[PDB]
Amino acid sequence: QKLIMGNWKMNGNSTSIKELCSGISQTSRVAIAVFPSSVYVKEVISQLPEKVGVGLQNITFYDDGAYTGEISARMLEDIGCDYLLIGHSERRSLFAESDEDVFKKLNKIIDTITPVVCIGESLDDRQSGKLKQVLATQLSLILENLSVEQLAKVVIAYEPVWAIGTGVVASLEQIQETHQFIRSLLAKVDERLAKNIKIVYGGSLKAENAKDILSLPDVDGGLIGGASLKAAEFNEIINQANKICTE
Amino acid sequence: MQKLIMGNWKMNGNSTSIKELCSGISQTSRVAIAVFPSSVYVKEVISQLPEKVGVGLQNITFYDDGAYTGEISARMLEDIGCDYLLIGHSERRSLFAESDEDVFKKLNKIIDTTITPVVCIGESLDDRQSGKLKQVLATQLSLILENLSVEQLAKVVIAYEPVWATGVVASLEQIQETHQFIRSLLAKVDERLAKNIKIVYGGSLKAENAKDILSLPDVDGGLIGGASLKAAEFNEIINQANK
């Protein structure tokens, strides 16, 4: 179940999305997903087959009621969302989403909807040797209070912020190094699940650099960002993971 | 007169609980009505509510379209067909650290559009009982009344939420002199502008107090929370505020 998903982010409109969902609709035992903006979710699930998983890029761990401008897990399931994004760097950097905020939202849907826990270290963290410290911290509340049965449903979406926006390139060794380390943090709890948990890379992925990244031994797919906005591109990234996983 | 009765469905309801709400609200004169559903339910409300009833979004951002998850834009506000937008609600200011500097950048984004912004203001129990009410209220409109022209400050709605009032309820005449004060602020900008600006009241606008609160001299409309979800009590308040 090679998990290839696309973060659409706040980009697009009603027309550019319907033109894409037709283009997105175009494929062996793999897993493709899409996270559109909140206002377009019911349209997107209506323009795609259920084989494609659809989710939202953020909810709120509050129960329904006096909470303005927010969406809940119960309002998440009513739309028909299969997955859910948790802990994105931009919600963490531009809105100060803490590790406590991540675990609260995760606990809402953990026993239901496959969660997508996003993690990543900053550029100052990697240069100051805070690499392994922060990634263990961003995993503390998850691995300390949940079980193998709940851990298996969690999908880690590693996105290295030290390479996003900073322009600093990411060699395929340090990509494999971090994915190998993230898996080792789970291996400290259970290795049979750690070796069969989907840790998808959420850095800069394009159709040009598609292979040699998914081909790495510790990559279970990608959390594609800007490249996922185009069908001829996203479906090209689709077909790459399809062929390399078969042979 | 003219009343702007608006319903803010904060974080409530489902598709089957909104269809019955929309069709069930559809039963007014030259008196504007608006509805604030969730972003995951906006087009469902557009598909079930009449044209003359406004449908706005609860929260957007000020950043342009780009690498921003979990947010909604002013374009997505316009492309989705929203006629209104709620700005500066006390819950987003309390629980999610929404600042006046955020309120202004989001308001300034949509003021040049056909969308009527609904900027919300209000002080808590600490502020008014300590006399700070005049300060913590002029602060929140300070940025807005600064850079916005008298023409820009038109079609801007001031929703005053009495956050200071659980069992205790804001007194009736204790609201009129409050709505009188905030208009005397824009009276320093322009008396005429402060004479036409619609200022609604963001409190427990329940059915058994429809006329009285809306009959206060400086109450230009209403932004209801819990009773907007029950269309029977929602319709009656618009019906008891038809004139």
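Conventions we followed
Residues numbered from 1 in each chain as written, not as in the entry; some residues may be left out. Chains lettered and ligands numbered in written order. Heavy atoms only, no water. Residues with missing side-chain atoms left out of burial classes, pairs and counts. UniProt positions renumbered as here; feature names shortened; annotations may be inferred. Helix = DSSP H or I, 4+ residues; strand = E, 2+ residues; numbered from the N terminus. Contact = heavy atoms within 4.5 Å. Buried < 20%, exposed > 50% of the residue type's maximum accessible area, 1.4 Å probe, protein only. Polar contact = N/O pair within 3.5 Å; in protein donor to acceptor, adjacent residues only side chain to side chain. Buried area = accessible area lost by both parts, 1.4 Å probe. Salt bridge = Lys/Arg side-chain N within 4 Å of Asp/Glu carboxyl O. Pairing = 2+ DSSP bridges. Arc of directions from axis to C-beta. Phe/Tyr/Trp six-rings, centres within 6.5 Å; stacked < 30°, edge-to-face > 60°. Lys NZ or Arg CZ within 6 Å of the ring centre and 35° of its normal. 1 Å grid on protein atoms, 1.4 Å probe; cavity = no way out; pocket = protein on both sides within 12 Å on 5 of 7 lines; lining within 4 Å. Points joined across faces, edges and corners; volume = space filled by probe spheres on them. Nonpolar A, V, L, I, M, F, W, Y, C, P; charged D, E, K, R; others polar. Core = buried A, V, L, I, M, F, W, Y, C linked by side-chain atoms within 4.5 Å. Axes fitted to C-alpha atoms, helices over the stretch in contact; angles between N-to-C directions. Parallel < 35°, antiparallel > 145°, perpendicular 65-115°, else oblique. Left-handed = near helix turned anticlockwise from the far one by under 90°.

Topic: the UniProt feature "active site" in chain A
Thought 1: When the UniProt feature table is mapped onto this chain, "active site" is found at A:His88 and A:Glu159.
Thought 2: Inspection of the secondary structure assignment puts A:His88 in the loop between β4 (83-86) and α4 (89-93).
Thought 3: Ignoring anything within four residues of it in the chain, the contact list for A:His88 reads A:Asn7, A:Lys9, A:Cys118, A:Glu159 and B:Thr69.
Thought 4: Along the polypeptide, A:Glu159 turns up in the loop between β6 (155-158) and α10 (172-187).
Thought 5: For A:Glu159, a relative accessible area of 3% translates into the label buried.
Thought 6: A polar contact of 3.0 Å, which involves the side chain of A:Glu159, links it to the backbone nitrogen of A:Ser89.

So, the interface of chain A and chain B
Thought 1: At the junction of the two partners, chain A supplies 36 residues and chain B supplies 39 residues.
Thought 2: Carbon and sulfur atoms make up 59% of the surface buried where chain A meets chain B, a total of about 3,200 Å² over both sides.
Thought 3: Considering only the surface of chain A that becomes buried against chain B, A:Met10, A:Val39 and A:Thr68 emerge as the three largest contributors, covering 26% of it.
Thought 4: Remark: the boundary between chain A and chain B carries four salt bridges.
Thought 5: Between B:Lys43 and A:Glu43 there is a salt bridge, with its nearest N and O atoms 3.4 Å apart.

Concerning the pairing of strand β6 (residues 157-160) of chain B
Residues and elements named next belong to chain B.
Thought 1: Judged by which residues are buried, β6 turns out to be covered on both faces: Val 157 and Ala 159 on one side and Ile 158 and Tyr 160 on the other are all buried.
Thought 2: Both β6 and strand β7 (residues 199-201) contribute to a ladder of three bridges, which runs parallel. Across the sheet, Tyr 160 pairs through a bridge with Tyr 201, a residue of β7.

Here's the deal with helix α1 (residues 14-24) of chain A
Thought 1: All of the buried residues along α1(A) are A:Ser14, A:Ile17, A:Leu20, A:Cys21 and A:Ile24. All buried residues of α1(A) fall inside an arc of 130° around its axis, so they share one side.
Thought 2: Its buried side turned inward, α1(A) meets α2 (41-46) and α12 (231-246) of chain A together with α3 (74-79) of chain B.
Thought 3: For α1(A), the N-terminal capping position is held by A:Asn13, with its side-chain oxygen 3.3 Å away from the main-chain nitrogen of A:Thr15.

Regarding the packing of aromatic side chains
Each pair of aromatic rings is reported with the distance of its centres and the angle of its planes.
Thought 1: With the rule as written, the count across this model stands at five aromatic pairs over all chains.
Thought 2: Centre to centre, the rings of A:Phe61 and A:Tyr62 are 4.8 Å apart; their planes meet at 35°, and the pair counts as tilted. Each member of the pair, A:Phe61 together with A:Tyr62, is buried.
Thought 3: Of the aromatic side chains, those joined through ring pairs into one cluster are A:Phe61, A:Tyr62, A:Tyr67 and B:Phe96.
Thought 4: Over the ring of A:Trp162 we find A:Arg126, and its NZ or CZ is 4.0 Å from the ring centre.

Some thoughts on the UniProt feature "active site" in chain B
Thought 1: Here, UniProt's "active site" annotation points to B:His89 and B:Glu161. Sequence-wise these annotated residues cover 73 residues; spatially they are packed, their C-alpha atoms never more than 8.1 Å apart.
Thought 2: The topology assignment puts B:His89 in the loop between β4 (84-87) and α4 (90-95).
Thought 3: With a relative accessible area of 4%, B:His89 lands in the buried category.
Thought 4: Setting aside residues no more than four positions away along its own chain, B:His89 makes contact with A:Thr68, B:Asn8, B:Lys10, B:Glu98, B:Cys120 and B:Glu161.
Thought 5: Among the polar contacts made by the side chain of B:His89, one reaches the side chain of A:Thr68 at a distance of 3.0 Å.

Remarks on empty space enclosed by the protein
Thought 1: By volume, the largest cavity amounts to about 220 Å³.
Thought 2: Around the largest cavity, the lining is made up of 20 residues, and of these A:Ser38, A:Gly69, A:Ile71, B:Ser39 and B:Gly70 lie nearest the centre.
Thought 3: Of the residues that constitute the lining of the largest cavity, the class distribution is six nonpolar, 10 polar and four charged.
Thought 4: Taken as a whole, the second largest cavity encloses approximately 50 Å³ of empty space.
Thought 5: Residue assignment for the lining of the second largest cavity shows that the elements contributing at least two residues are α7 (133-147) and β6 of chain B.
Thought 6: The element that contributes the greatest number of residues to the lining of the second largest cavity is α7(B), accounting for three residues.
Thought 7: When its residues are assigned to classes, the lining of the second largest cavity shows 10 nonpolar, no polar and no charged.

Considerations on the environment of A:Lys195
Thought 1: Structurally, A:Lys195 can be placed in the loop between α11 (191-194) and β7 (199-201).
Thought 2: Discounting chain neighbours no more than four positions away, the residues touching A:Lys195 are A:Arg183 and A:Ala187.

What about the nonpolar core?
Thought 1: Formed by 140 residues in total, the largest nonpolar core has its most connected members in A:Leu106 and B:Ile144.
Thought 2: Beyond its immediate chain neighbours, meaning those up to four positions away, B:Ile144 contacts B:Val103, B:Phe104, B:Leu107, B:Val119 and B:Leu153.

Quick look at the UniProt feature "binding site: substrate" in chain A
Residue and element names in this part refer to chain A.
Thought 1: If you check UniProt for "binding site: substrate", the listed places come out as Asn 7, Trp 8, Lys 9, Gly 165, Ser 204, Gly 225 and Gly 226 in our numbering.
Thought 2: Looking at where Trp 8 falls in the secondary structure, it is placed in the loop between β1 (2-7) and α1.
Thought 3: Excluding its chain neighbours within four sequence positions, the residues that come into contact with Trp 8 are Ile 17, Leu 20, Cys 21, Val 34, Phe 35, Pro 36, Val 44, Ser 228 and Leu 229.
Thought 4: Within the secondary structure layout, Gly 226 lies in the loop between β8 (221-224) and α12.
Thought 5: Using a relative accessible area of 60% as the deciding quantity, one classes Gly 226 as exposed.

So, the packing of α1(A) against α12(A)
All names here are of chain A.
Thought 1: It is at 9 Å that the axes of α1 and α12 come closest, and there the two elements cross at 30°. Of the possible angle classes, the one that applies to α1 and α12 is roughly parallel. Of the two elements, α1 crosses α12, and the hand of that crossing is right-handed. Here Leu 20, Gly 23 and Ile 24 of α1 lie close against α12, whose contacting residues are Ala 231, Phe 234 and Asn 235.
Thought 2: Class assignment of the residues belonging to the contact of α1 with α12 gives a composition of four nonpolar, two polar and no charged.

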